[PDB]
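Some notes on the structure that comes next.
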Amino acid sequence: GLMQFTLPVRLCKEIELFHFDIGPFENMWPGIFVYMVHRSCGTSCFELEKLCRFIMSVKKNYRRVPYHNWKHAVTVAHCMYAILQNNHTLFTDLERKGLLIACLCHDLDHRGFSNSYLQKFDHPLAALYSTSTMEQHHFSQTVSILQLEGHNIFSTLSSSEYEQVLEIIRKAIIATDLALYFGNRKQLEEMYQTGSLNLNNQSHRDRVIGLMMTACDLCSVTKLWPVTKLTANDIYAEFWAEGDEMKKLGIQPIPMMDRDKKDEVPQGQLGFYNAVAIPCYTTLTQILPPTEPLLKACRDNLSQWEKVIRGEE
Ligand SMILES: Cc1ncc(C)n2nc(CCc3nc(-c4ccccc4)cn3C)nc12
Ligand SMILES: [Mg+2]
Ligand SMILES: [Zn+2]
């Protein structure tokens with residue numbers, strides 16, 4: 001209880017910034033995560049013995065895939081930690097608790113395949129959940145781990161706060177289905193421009209938390225160029241394995257997943273930055289002004305992809 005966590009000076013300082021990279025030492029990710037809950041939520045939010053066991057069971061149920069892995073989870077939790085510490089007073093005690101957990105759990109047990117591949121392969125998870133297949137699976141795995149003995153980190157919540165927090169985490173995890181993002185931003189855009197957006201409207205909060213989740217999940221585009229460039233290799237390594245599998249089923253994959261068409265990657269990042277990231281972080285900054293650094297950083301990296309095409313790198 002009087003047992004704090006402290007990081008080295010450079011991390012203690014760098015961790016508060018949006019473009020923080022968590023580093024290549026796995027064994028520090030759990031303490032980074034705990035350090036973030038303690039400063040974000042309080043030293044009193046979670047019983048340390050239980051939280052630690054929950055963190056380690058979460059790590060265990062992430063797989064060894066190039067991109068949708070344990071490192072991805074802690075990255076996306078840290079980005080949410082940045083958003084919550086730059087918007088201190090806009091968020092309830094419960095929201096802070098569940099959003100950091102939602103982010104850590106958001107891709108539990110990912111196999112490195114798209115919802116599409118599960119339906120074209122006819123995977124059992126496509127039989128059980130017809131939309132946001134993996135994301136419904138991810139939430140389900142979160143509840144599993146929350147019901148392992150000694151793992152209920154929410155034990156001290158009322159019956160009703162417990163249901164409130166499991167609902168914040170369910171919508172939050174569903175929201176990371178990027179297919180759902182496009183409508184969610186369109187609505188938020190129109191609600192802010194017409195002046196209807198109201199943060200005491202629970203269905204408005206839900207959309208807003210929805211957009212933070214897409215923001216945190218996409219945060220490789222908001223990092224320093226060498227981190228962005230090296231993460232994109234991991235992103236394409238999964239997509240190309242999926243394309244490989246698509247070809248095995250007897251289906252031409254989309255070019256994004258065709259390793260024959262690597263040459264077009266720079267042009268594909270452009271499309272993606274314009275269609276997805278820039279809109280994401282534009283709409284997010286209008287709603288949440290102190291997240292501007294995410295937009296500025298995303299814009300810099302768009303500019304760095306434009307450079308790659310012009311053969312300037
Ligand atoms: C979900 C996600 N998070 C973060 C990042 C950075 N990314 N980057 C993509 C692929 C973008 C992309 N690459 C192509 C393409 C590539 C080669 C040939 C032809 C097309 C199309 N698109 C959309 N997805 C994500
Ligand atoms: Mg996901
Ligand atoms: Zn993710």
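Sequential numbering from 1, following the chain as shown.
Header entry for method reads X-ray crystallography, 2.5 Å.
Placed from the backbone N, Cα and C atoms, the Cβ positions cover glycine too.
Taken verbatim from Swiss-Prot:
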- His68, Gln269: 3',5'-cyclic GMP binding site (BINDING)
- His68: active site, proton donor (ACT_SITE)
- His72, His106, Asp107, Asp217: divalent metal cation 1 binding site (BINDING)
- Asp107: divalent metal cation 2 binding site (BINDING)
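In this view, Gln269 (3',5'-cyclic GMP binding site) is surrounded by 24 other Cβ atoms within 10 Å of its Cβ, with every protein chain counted.
Here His106 (divalent metal cation 1 binding site) comes close to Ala73, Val76, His138, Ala172, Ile173, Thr176, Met213, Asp217: these same-chain residues lie at least six apart in sequence, with C-beta atoms under 8 angstroms from its C-beta.
If you take the C-beta of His68 (3',5'-cyclic GMP binding site) and look for same-chain residues 6 or more apart in sequence within under 8 angstroms, you find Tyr62, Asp107, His110, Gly112, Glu238. Listed in sequence order, the residues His68, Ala73, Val76, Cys103, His110, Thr176 complete the 8 Å Cβ shell around the divalent metal cation 1 site centroid, once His72, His106, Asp107, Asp217 themselves are left out. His68 (3',5'-cyclic GMP binding site) falls outside any helix or strand according to DSSP and counts as coil. With a cut-off of under 6 Å between the Cβ and any atom of ligand 2, the binding-site residues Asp107, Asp217, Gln269 reduce to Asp107.
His72 (divalent metal cation 1 binding site) has a Cβ environment of 22 other Cβ atoms inside 10 Å.
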